[PDB]
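Report on the following structure.
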Amino acid sequence: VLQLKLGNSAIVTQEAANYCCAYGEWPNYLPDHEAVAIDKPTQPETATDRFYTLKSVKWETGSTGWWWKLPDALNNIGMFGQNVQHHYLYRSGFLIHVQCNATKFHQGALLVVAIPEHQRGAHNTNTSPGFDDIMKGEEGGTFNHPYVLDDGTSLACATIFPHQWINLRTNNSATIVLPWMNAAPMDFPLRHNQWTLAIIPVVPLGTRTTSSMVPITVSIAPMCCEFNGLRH
Amino acid sequence: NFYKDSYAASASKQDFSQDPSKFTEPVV
Amino acid sequence: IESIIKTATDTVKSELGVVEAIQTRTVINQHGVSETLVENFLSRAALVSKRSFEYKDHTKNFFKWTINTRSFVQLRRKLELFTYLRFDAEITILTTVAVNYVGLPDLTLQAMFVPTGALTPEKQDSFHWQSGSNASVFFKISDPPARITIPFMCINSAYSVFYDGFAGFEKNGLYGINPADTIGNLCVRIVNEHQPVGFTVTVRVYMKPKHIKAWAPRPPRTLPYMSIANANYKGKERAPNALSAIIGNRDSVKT
Amino acid sequence: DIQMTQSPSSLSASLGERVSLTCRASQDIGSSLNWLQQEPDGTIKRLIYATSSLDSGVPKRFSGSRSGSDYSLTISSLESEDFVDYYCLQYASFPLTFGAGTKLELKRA
Amino acid sequence: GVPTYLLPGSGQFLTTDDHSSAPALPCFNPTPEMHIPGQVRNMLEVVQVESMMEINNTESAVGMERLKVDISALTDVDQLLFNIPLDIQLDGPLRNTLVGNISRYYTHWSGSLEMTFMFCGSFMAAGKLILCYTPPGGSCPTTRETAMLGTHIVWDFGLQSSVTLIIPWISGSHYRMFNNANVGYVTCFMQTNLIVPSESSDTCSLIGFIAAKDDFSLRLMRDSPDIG
Amino acid sequence: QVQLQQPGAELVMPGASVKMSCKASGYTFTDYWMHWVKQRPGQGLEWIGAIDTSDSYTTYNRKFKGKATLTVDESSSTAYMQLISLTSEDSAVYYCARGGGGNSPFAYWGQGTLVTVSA
């Protein structure tokens, strides 16, 4: 019921106590001692703080999952998509709200995990994936084998990353806050992907009828954005 | 360490500090 | 909460009806946690390079290996537990000479480190071995093995084990390769000239990282490694370590 | 995308003459490369895979080596059936690409 | 100068030794340290994080559905669902976890474990279960009337959606050594039938979790057999 | 023991669609990749695309993106290539290869089809 309003937009949200700060830290502006570039970073006030709602994916019983690499879905959207190609460097955090709306008669579970530095892989071939296979854009991608997380690791151990559980009993929504995770203070928008947002249906959907469709809405708020290398 | 560089010294195992809170309870 | 923990915490004794777990007692646990530290865990001397060049009669005869921890697979899954790593490399070169009774002469070897960005016109006798800018070490066969410390060389704060992105800005860099991180090449040759003897020299290079700082622990890799350049997986046909069954199979759930 | 540059595009040689075709890649592809033999009848057949190793059933006259910035296909002696269209292929990274191709000619009058 | 004599074992190369060595690049300034979230200063913090037990692995279990335990509405009363061996070295539900994968690099392991169960079924699903922990050398009961004499809890789906099960550490030795029997078991029966409405699916699911307590310790590092 | 079958001519007027067929036998078809390569009369070879035999996932070239569709059937153990909006631009000999875990190679090829479109 409680509505979260940041920027020129807002979304009604269900109350969830004790949300997830990734690795127990809140994203903040770049401190002076960790700065490198001597220029003045441009700081959007309400511009990059608005909620960017992606396309709602249809979640069926046989859906393996979905993954959105940041900031790949945000490469072109809104005014923030402009600053992607309009600036040479950036650093930002993300406030991710994933809300799955369904009645009390649906059963299932969703594992929403934010994977820092996710290196994908292809099944039964030694060829490295191409450029379009990695970077989807706003569309996103679907796991081919979510049990191995497509990287060869184990899904049972995926809980080491920041995550929240969406169960159709207790809470139908999740909120994850991702600070800046990088080796370098700033990075290149079109090249490197710091985080990855993965929604994995650990327990599939079920009901009496054979066909059931439960939508999932994903919202991303780029908090604490900075930009350098102004061009064009 | 008798050398002039600090990175060439012996490995320091004496740091026992921990913060389990950022993993098991990643909440505020 | 960040606090200093020397040993595992103790246990408070327990004590009709409630509205926690079981009945406990007071136990003072003196078991040390020092050996589980990331420093003690990641730091061990392992063999990252093994090569033996064929030397009998030359009347190629050296080796240079760009250092990457993916060559020794036990260390690869070891270092893939974490994302970013910060450590100082400690290299030790061991020289052993086999026989293909004459007796073993004492050769003089030169181990030279070439950092990334230094052009190498690679030859055994070419002048790039005598360059004063490149740090070199001279050691005989019978002696304590030569040991040097390589500092932390990077543009960023720490290495990237898992790099999501591409190389350079040409939009084609072979996915999974970080341009920022390359340490360099390690060039080793025999200082002495060609002696027509059939002895084979076997050089072993060990690396023990120190001052290790880790971030973002990751799940282990259950499936085998297809290639060293990327994360592709295949899996064994039968369990374990498969795509269908990673964990071994049993008779029944009630067994 | 990584481009494979195959040169020369054509050559003229007689029997018993050793020739070599050098392909250069923009990005380093590692040890992964393939050579394909295209017969004039429309059937393509592999020859070299992963540098050194050679197909079983293919005679040993075909060989290959890596200069380390480049890849070369060395043939000891030419034969009447050795005149084909050679293609150097990179299976290391998607998308996979082909070479420009090379057609062999015979010295005549 | 100073007269010195060599002790036995001088000049040897030991793999576990710790000493300062000559730096290869004198007067070199490394890149300054920047604060990176989630610094791990000890491996025990990784072990304390919960992870998925796979209870469904017997046969014909491929990937995802192995993480859940199927429960239908037609199952009868007082039927044994599953038993979970506590052996870390051998392959149980526990072979690959966050506590299991890290412990295979060691030998002597001492500490208390934890289990969380979560019911993923619908909101209107009723019924009760019983989770019976079996001490080591327990000789697991056939029916629940023998297992109800130990430490257990009757857990309702509707009231509470989760289970907290603490496994105490009971052993004679201060540590237990991995192999190259009967450490304990956790069993689940059917207290009553599963009651679901007519608009909800007949099946259900359960996801087991395991983590380590704050007293869990490890030592005597070794090589991981998991390679293959 | 192992071969590849891709016969046929398939001449068609422009603006229509075509669904090719590659039927592989003599090995395990579900466990190996499928590839497609075209042979143009102008002395050239282009890479059509790759498809995982398991379910769905494919990779396409930028030039042929959207003009080609790949699908496989694990029952009949066949590989299909769908093409739409055929213009006079496309005339070539389409091939289908296999690959695998090791080398992901082109080792086995098909006979090929002669595709000529005319207004």
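Each chain of the structure tokens is named A, B, ... in the order shown, its residues numbered from 1; ligands are numbered from 1 in display order.
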
*Can you list, as a PyMOL selection string, all residues belonging to chain A that DSSP tags as alpha helix (DSSP H)?*
chain A and resi 80-86+131-134

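Look at residue 92 (chain D): the protein and nucleic acid residues within 8 Å of it, using only C-alpha atoms and passing over chain neighbours fewer than 2 places away, are residues 126, 127 and 128 of chain A; 29, 30, 32, 33, 90, 94 and 96 of chain D.
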
Mind writing the picked residues with C-alpha atoms as a short mmCIF file (atom, residue, chain, number, x, y, z; two decimals), in the first residue's frame?
data_model
loop_
_atom_site.label_atom_id
_atom_site.label_comp_id
_atom_site.auth_asym_id
_atom_site.auth_seq_id
_atom_site.Cartn_x
_atom_site.Cartn_y
_atom_site.Cartn_z
CA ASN A 126 34.11 -24.01 -26.62
CA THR A 127 33.14 -20.90 -28.61
CA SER A 128 32.76 -17.71 -26.58
CA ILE D 29 41.76 -16.09 -31.34
CA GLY D 30 44.02 -18.36 -29.30
CA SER D 32 41.28 -22.27 -32.19
CA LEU D 33 41.27 -22.19 -35.99
CA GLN D 90 37.80 -18.98 -36.43
CA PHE D 94 30.72 -15.83 -32.10
CA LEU D 96 32.08 -17.30 -36.73
#

Under the rule of at most 8 Å, produce a per-residue listing of chain D near chain F: chain, number, name, the closest pair of atoms, and the distance in Å, as JSON lines, using only C-alpha atoms.
{"residue": "D:32", "atom": "CA", "partner": "F:103", "partner_atom": "CA", "distance": 7.6}
{"residue": "D:34", "atom": "CA", "partner": "F:105", "partner_atom": "CA", "distance": 7.9}
{"residue": "D:42", "atom": "CA", "partner": "F:111", "partner_atom": "CA", "distance": 7.3}
{"residue": "D:43", "atom": "CA", "partner": "F:111", "partner_atom": "CA", "distance": 6.2}
{"residue": "D:44", "atom": "CA", "partner": "F:109", "partner_atom": "CA", "distance": 6.7}
{"residue": "D:45", "atom": "CA", "partner": "F:107", "partner_atom": "CA", "distance": 6.8}
{"residue": "D:46", "atom": "CA", "partner": "F:107", "partner_atom": "CA", "distance": 5.4}
{"residue": "D:49", "atom": "CA", "partner": "F:103", "partner_atom": "CA", "distance": 7.6}
{"residue": "D:50", "atom": "CA", "partner": "F:103", "partner_atom": "CA", "distance": 7.3}
{"residue": "D:91", "atom": "CA", "partner": "F:104", "partner_atom": "CA", "distance": 7.1}
{"residue": "D:94", "atom": "CA", "partner": "F:59", "partner_atom": "CA", "distance": 7.9}
{"residue": "D:95", "atom": "CA", "partner": "F:61", "partner_atom": "CA", "distance": 6.7}
{"residue": "D:96", "atom": "CA", "partner": "F:47", "partner_atom": "CA", "distance": 6.5}
{"residue": "D:97", "atom": "CA", "partner": "F:47", "partner_atom": "CA", "distance": 6.4}
{"residue": "D:98", "atom": "CA", "partner": "F:45", "partner_atom": "CA", "distance": 6.5}
{"residue": "D:100", "atom": "CA", "partner": "F:44", "partner_atom": "CA", "distance": 7.1}
{"residue": "D:101", "atom": "CA", "partner": "F:44", "partner_atom": "CA", "distance": 7.2}

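Note that the spacing between CA of residue 196 (chain C) and CA of residue 120 (chain C) amounts to 27.8 Å.
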
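One distance worth recording is that between CA of residue 15 (chain F) and CA of residue 83 (chain F), which is 10.4 Å.
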